[PDB]
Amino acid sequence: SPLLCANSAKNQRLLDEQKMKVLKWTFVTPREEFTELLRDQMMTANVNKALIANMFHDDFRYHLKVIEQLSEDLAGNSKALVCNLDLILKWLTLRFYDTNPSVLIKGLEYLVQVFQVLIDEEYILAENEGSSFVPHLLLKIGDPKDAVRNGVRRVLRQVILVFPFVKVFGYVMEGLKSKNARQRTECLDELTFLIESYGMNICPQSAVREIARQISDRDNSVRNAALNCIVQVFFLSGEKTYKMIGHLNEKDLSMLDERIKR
């Protein structure tokens, strides 16, 4: 019984969601209705039933096992992975809310192997796969742990190769609303990377406004990140930036300009 079955069941899952027959995979915190839906869908998809059992075990050590098994299975059976990609991405989004660093690091490593396969096979993420996955992944970009943050960034920078970079930009932008200052800081740095990489086509005037608001943040790391980001906008946009940043604390302007230069 292979771990994952190459079938076309993803079509019905995508239709189910579009037609409102199952919950859209979106939430602040995942509760049991999402766990039951995912387990139902994996059942229906002929995912190995022992794997399913391990997937929804409470003990994180069975999650590490699941990831190890999927990682080994990926070389020989990439077709099956792709056929079940949406289920696997969903299962990892649940693991993003668990507090175990080992599970995050190993899940992120696996994801790097997965997205490399998608890139190599020229697979294009369904709208639903991207939407179900990226907001939850981005939640970890501000993790306390260095290896988690690096893993999230590595995966995120693969996602943009197989999913619209304008949509990813949008999801990163949402991170500015976090109550967590490290989340705001890391999302700001990511915006800077994306703007340097894609140019101002990816960054409308309204986003610039939004980014500039973060300069007045009390947390010094958020302030320094927003400044670096507006500076990068300045290098691509020139004095028109000053019309885009809205209207700022003249202390900011001093900090902005003294970073704009030097």
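When you see a residue number, it is the position in the sequence shown, counting from 1.
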(request) Identify the stretch, either 126-134 or 70-78, whose C-alpha atoms have the larger mean B-factor according to the entry. (result) 70-78
(message) Tell me which stretch, 13-21 or 236-244, has the higher mean Cα B-factor listed in the entry.
(response) 236-244
(request) Among the candidates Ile195, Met42, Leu64, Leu227, give the one with the maximum CA B-factor reported in the record. (result) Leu227
(message) According to the Cα B-factor stored in this entry, which of the following is highest: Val47, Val222, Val28, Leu37?
(response) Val28
(request) Please rank the C-alpha B-factors of the chain's modelled residues and tell me whether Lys179 sits in the lowest, middle or highest third. (result) highest
(request) Compare the C-alpha B factor of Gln116 with those of the other modelled residues in its chain, then answer lowest, middle or highest third. (result) middle
(message) Quick check for you: using the entry's CA B-factors within this chain, is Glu190 in the lowest, middle or highest third?
(response) lowest
(request) Just say lowest, middle or highest third for the CA B-factor of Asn100 relative to the other modelled residues in its chain. (result) highest
